[PDB]
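Here you get one chain, nothing else, as structure tokens; it is the form solved without the partner chain.
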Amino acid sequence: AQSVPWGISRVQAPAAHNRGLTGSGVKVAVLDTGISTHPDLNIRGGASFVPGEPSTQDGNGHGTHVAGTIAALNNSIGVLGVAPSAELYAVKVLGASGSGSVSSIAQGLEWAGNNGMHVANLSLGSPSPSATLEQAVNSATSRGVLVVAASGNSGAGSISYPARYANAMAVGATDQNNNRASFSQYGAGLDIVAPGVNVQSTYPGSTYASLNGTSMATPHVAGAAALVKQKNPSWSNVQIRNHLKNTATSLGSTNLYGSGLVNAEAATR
């Protein structure tokens, strides 16, 4: 039996699926700890930029979980992604410990821009800026990639990098009441929010697990972007980003929530 995690329903992905929108034909890179082979995922390719971890399989769990929020397959098992037919790519930029470098992340962004990705999900961040990272965000953006990044989990009223950069779409986390999760960073540069508390997804060992974080919110938006791109193949990264924001549900101030809660039904109507 398949279940629909609450956040998938909260962002109204099933209504998009009912209109024939699944993310088919849209390439989404998950820049994370890898993605493990799993019967509820279809991994089309990828690359590793972590020295000593040449495989794109996930030694941590985080990247597999993020990937399933984007694209867990629509079938009779497991869970269901926002964009269950997205073309999913495992871009390992963080190792099994959950960390990498600005250089490995930049290499994954350049890979995305050189390999035809439409969306790159970066459920990762640091409090400090990086010239290396910014250059790669801008390069990927010039190549048509919509870079979607997590605001961070410190609870502060400023957001992490690379989410802070203008050419990243920064995503914070909400709870089941449509309040900002206490940990979700906010402030200047925040674009949108999505569910990030008690989010069940695919996990290594061919299982399913729940996590909290802005890392869990981010893939809801990356998946919604893929639905919008399937509906509107001619659109640019900027057009998709703007439409997701313009169709989000206001939840409060722009400083706490950006444009508000992503709404895949309104974005694909």
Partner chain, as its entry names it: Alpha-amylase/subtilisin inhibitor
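By rigid core we mean the largest C-alpha set that fits within 1.5 Å across both forms. Residue numbers count along the first chain shown, from 1.
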query	finding
Between stretches 183 to 191 and 125 to 133, more displaced by Cα RMS in 5 other deposited structures of this protein (rigid core superposition)	125 to 133
Residue range whose averaged C-alpha B-factor is higher in the record, 213 to 221 or 52 to 60	52 to 60
Entry-level comparison of average CA B-factors, 241 to 249 and 14 to 22, reporting the higher stretch	14 to 22
Out of 188, 193, 73, 169, residue topping the C-alpha B-factor column of the entry	188
Of the residues 85, 132, 123, 178, the one carrying the largest Cα B-factor as recorded	132
Ranked C-alpha temperature factor of residue 165 among modelled chain residues, by third	middle
Among modelled residues of the same chain, the CA temperature factor third for residue 8	lowest
Relative C-alpha B-factor of residue 89, binned into the chain's lowest, middle or highest third	lowest
Position of residue 142 among the chain's modelled residues by C-alpha B-factor, lowest, middle or highest third	highest
CA B-factor placement of residue 68, once the chain's modelled residues are sorted into thirds	lowest
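FYI, the form deposited with the partner chain bound isn't displayed, but the following is about it.
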| item | value |
| --- | --- |
| Exercise: residue 105 in contact with the partner chain in the deposited bound form, heavy atom 4.5 Å | yes |
| Contact label in the deposited bound form: residue 128 to the partner chain, heavy atom within 4.5 Å | yes |
| Distance check, residue 98 to the partner chain in the deposited bound form, heavy atom within 4.5 Å | yes |
| Residue 150, heavy atom within 4.5 angstroms of the partner chain in the deposited bound form | yes |
| Region of this chain that lies against the partner chain in the deposited bound form, out of 221 to 229, 36 to 44, 239 to 247, 57 to 65 [heavy atom, 4.5 Å] | 57 to 65 |
| In the deposited bound form, the residue from 167, 154, 114, 139 that sits within 4.5 Å of the partner chain by heavy atoms | 154 |
| The unique member of 178, 132, 74, 198 whose heavy atoms fall within 4.5 Å of the partner chain in the deposited bound form | 132 |
| Output flag, 160, 185 and 215 jointly within 4.5 Å of the partner chain in the deposited bound form, heavy atom basis | yes |
